[PDB]
Amino acid sequence: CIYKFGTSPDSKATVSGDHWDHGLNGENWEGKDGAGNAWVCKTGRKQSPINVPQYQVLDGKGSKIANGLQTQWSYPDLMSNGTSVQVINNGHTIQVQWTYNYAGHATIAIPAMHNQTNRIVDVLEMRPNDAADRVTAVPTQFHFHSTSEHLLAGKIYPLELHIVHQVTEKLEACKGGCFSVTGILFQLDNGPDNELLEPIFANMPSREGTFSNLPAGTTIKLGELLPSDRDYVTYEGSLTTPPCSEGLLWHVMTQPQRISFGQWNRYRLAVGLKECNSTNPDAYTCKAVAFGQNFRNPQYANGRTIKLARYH
Amino acid sequence: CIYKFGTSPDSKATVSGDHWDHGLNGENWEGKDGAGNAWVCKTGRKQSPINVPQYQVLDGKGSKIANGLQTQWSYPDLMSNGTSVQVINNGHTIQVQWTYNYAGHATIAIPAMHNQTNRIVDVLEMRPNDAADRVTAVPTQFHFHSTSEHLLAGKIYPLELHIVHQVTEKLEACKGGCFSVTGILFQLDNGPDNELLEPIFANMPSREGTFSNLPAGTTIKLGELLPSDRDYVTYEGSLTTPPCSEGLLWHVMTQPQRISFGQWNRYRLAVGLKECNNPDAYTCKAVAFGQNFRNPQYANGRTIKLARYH
Ligand SMILES: *[C@@H]1O[C@H](CO)[C@@H](O)[C@H](O)[C@H]1NC(C)=O
Ligand SMILES: *[C@@H]1O[C@H](CO)[C@@H](O)[C@H](O)[C@H]1NC(C)=O
Ligand SMILES: *[C@@H]1O[C@H](CO)[C@@H](O)[C@H](O)[C@H]1NC(C)=O
Ligand SMILES: *[C@@H]1O[C@H](CO)[C@@H](O)[C@H](O)[C@H]1NC(C)=O
Ligand SMILES: *[C@H]1O[C@@H](CO)[C@@H](O)[C@H](O)[C@H]1NC(C)=O
Ligand SMILES: [Zn+2]
Ligand SMILES: [Zn+2]
């Protein structure tokens, strides 16, 4: 009457560690996970998201990622057989997961010669002619934020989609998994719904802490949600939710995709604020009554390397 | 349990007509004013704000407003004597008003020959070589929205500032009052606080329905808040709060100003969601960042034009 997204008394979510939500867009994120490890949201100096600069980055005038060192994305359609793809509302995002061996991947450039001192972010500092190898980054889930977490030169987008990947191969430091994220931005559009978003949006649960299996035959065209013009900005950053772990390689696609007025409303209602009447999560009746948001405030670069990659 | 901005139990605001708030960014704005007239928020086809198009508008490829027909803005500093400039929290925005004779104005082109059929929005359809007069647009107040009400080619800005003007002269139709708004956008910036906003932000009240006098000597540099590069998009639109009355001439300045990370937070907490434990019978504090914007509205075939400054 009303409850922030992530705090609804009808939530069936389970929480390991301290409670958190997006009420102050992460300004109050100090706490511990289920294991007692302190979050680094407020203490790290390589936090995400960032306000991507115009100067020497988006203006095209800085050191760019050499064509041969660019990340490459290969996403086929994600397909449900009726139980093999799920849409989840975890009280922090709308997230897609899958329980079959989906073959989407990206490959990321690494130094050809590497050892324990190398990290997934090393491409940021490679010279264009450095001997390079490639590692496979496997998507683990994708999820959403409104409004966008990244800004481009001070501008906000209605929606951002994050595809989270794990790398376990080749780099000695990655045996236990290193991470990389690709972010896609959506600008508001005056046309019909972006049909590529509908397999998610038409199926997303509104109740916190629940999931829905996508109906058999549901197709998510992840390779089409990804921009065809694959310009991106890349930098070392963090998870944008507690515990905000650092060392992630970020790609932010700079060519925004489209989202309709109504789709933006539907998404924000799914992460909305709820009014609840009592009569144990089942002892409440809740309805979304206000459009919500689930984004983290932008973080300072603090001198980090941030580079543009021009596609072809 | 928190309260939407505009619904706080400690609010001292008064309301004539139906209550409303920005909870659904205006989707649910069906209602009647104090005189029983229906709001037109959900029924009009000249509603504001709009998502300003790239195609034949921001690309500069469309029909542009001729230099001679461009709106011109003349804003000197606003200056408080301790009681003469106020910052108001009305439960719907943070608004600046003044109770002295401030000399800020704008001028808007109108056809030289005019009759009762003519309207303040006539400039939109004037030909570059048409005989023009000018009318004075007098600012009545200015106020803020986060995030921005206008989008530019599908992009949102953290803050928008609206300077509301009344025109009463020359146009027969403007007895008594036609209206025009100028909107200034602020893009997020990684630098220090924009000092131009501080006279307002340092003094804005957090309690809904209240105001605060700006300290004697406090200056608001309105003419510097306005971009110096005066490119704008212009169209016929509406109020962006109930009753959403139409017939307004809009100007949206296309060159954004800067707002710091910390200022954007401060503003959003001033329009924040409140937790509370007779308006004076309650103690409330802002606990979550808020917003006070209306959703974008379709153009519905309206004329939208770019004006290039000089
Ligand atoms: C759907 O896929 C899951 C995971 O691959 C599998 O366990 C299940 O047997 C499948 N059923 C159908 C209908 O193909
Ligand atoms: C890691 O590589 C560097 C660079 O060639 C080298 O100097 C160093 O000895 C290597 N250390 C290990 C762990 O082998
Ligand atoms: C401040 O200005 C107001 C309105 O112009 C005036 O009524 C008031 O007397 C002034 N107070 C001063 C100069 O102390
Ligand atoms: C002015 O009004 C007259 C009489 O109503 C009408 O003939 C004419 O169309 C109007 N002039 C213009 C061009 O607005
Ligand atoms: C109780 O809360 C809601 C249930 O989530 C609504 O059904 C209802 O509007 C409310 N009580 C009333 C009548 O205001
Ligand atoms: Zn994310
Ligand atoms: Zn306004």
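Count begins at 1; order follows the chain as displayed.
Technique stated in the header: X-ray crystallography, 1.9 Å.
Keep in mind that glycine also has a Cβ here, set from the backbone N, Cα and C atoms.
Of the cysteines listed (A:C174, A:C244), Swiss-Prot assigns A:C174 as the disulfide partner of A:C178. Candidates considered were A:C244, A:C276; Swiss-Prot assigns the disulfide partner of A:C41 as A:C244.
Comparing the Cα of A:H162 (Zn(2+) binding site) with the Cα of every entry in A:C41, A:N81, A:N115, A:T241, A:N277, these being the recorded positions, the smallest distance points to A:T241. The distance from the Cα of A:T279 to the Cα of A:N280, across a stretch of 45 residues left out of the model, is 10 Å. The recorded positions shown are A:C41, A:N81, A:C174, A:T241; of these, the one with its CA atom nearest the CA of A:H92 (active site, proton acceptor) is A:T241. Counted within 10 Å of its Cβ, the other Cβ atoms near A:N81 (N-linked glycosylation site) come to 14, all protein chains included. Among the recorded positions A:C41, A:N115, A:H143, A:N277, the ones whose Cα sits within 10 Å of the Cα of A:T240 (substrate binding site) are A:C41, in sequence order. The distance from the Cα of A:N277 (N-linked glycosylation site) to the Cα of A:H143 (Zn(2+) binding site) comes to 29 Å. Note on proximity: among A:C41, A:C178, A:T241, the recorded positions of the record, the Cα nearest A:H145 (Zn(2+) binding site) is that of A:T241.
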